[PDB]
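Below you'll find only one chain, the form deposited in one PDB entry, shown as structure tokens.
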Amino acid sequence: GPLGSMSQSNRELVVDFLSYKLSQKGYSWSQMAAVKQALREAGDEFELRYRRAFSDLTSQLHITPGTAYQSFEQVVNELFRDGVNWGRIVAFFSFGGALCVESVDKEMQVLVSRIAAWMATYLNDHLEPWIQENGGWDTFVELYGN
């Protein structure tokens, strides 16, 4: 690959492994690593226990390569029609993940990077103000971590 490829990919590998090993002993590579792990765990639990009791939002979107942010935003808003809470933000991440998997399942690989940018924009415009006034991601970790 390109000149720095090995440098980036080795660093990615080292940080991932060290983050994992520290996490297993109740520590963390960084505060951001603690947030990521808590979100991974919360998303898994949402999918295991709570998701099937709600209507399937992926059915509402019916994503295609012609799909733009505006459609994604309108569907995601349904999650927060009764307001923001941490569980609903968790469902939001899980939704994004399910869309990505579905897109690959259906040979629409182009959507994965698209969805990633959709989510970042939705977070910044719609969820960050609530996050900052509700203790930040550090509070999420205290409530959802382990």
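For every residue, the number given is its place in the sequence shown, counted from 1. Throughout, rigid core stands for the largest set of C-alpha atoms superposing within 1.5 Å between the two forms.
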| item | value |
| --- | --- |
| Mean Cα B-factor comparison, 113-121 or 46-54, giving the higher one as deposited | 46-54 |
| 29-37 versus 61-69 - greater average Cα B-factor per the deposited record | 61-69 |
| Chain-wide C-alpha B factor ranking for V84, given as lowest, middle or highest third | middle |
| For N10, the third of its chain into which the C-alpha B factor falls | lowest |
| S19 by Cα B-factor - lowest, middle or highest third of the modelled chain | lowest |
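The protein also exists as the form deposited in another entry; that form is not presented, and the subsequent description refers to it.
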| item | value |
| --- | --- |
| Displaced residue between the shown form and the other one, judged on C-alpha after the rigid core is fitted, out of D125, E133, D138, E12 (threshold 2 Å or more) | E12 |
| Rigid core fit then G26 CA moved by 2 Å or more between the shown form and the other one | yes |
| Pair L99/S55, Cα separation in that other deposited form versus the displayed form, closer or farther by 3 angstroms or more | closer |
| Distance direction in that other deposited form for the C-alpha atoms of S55 and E78, relative to the displayed form (3 angstroms or more) | farther |
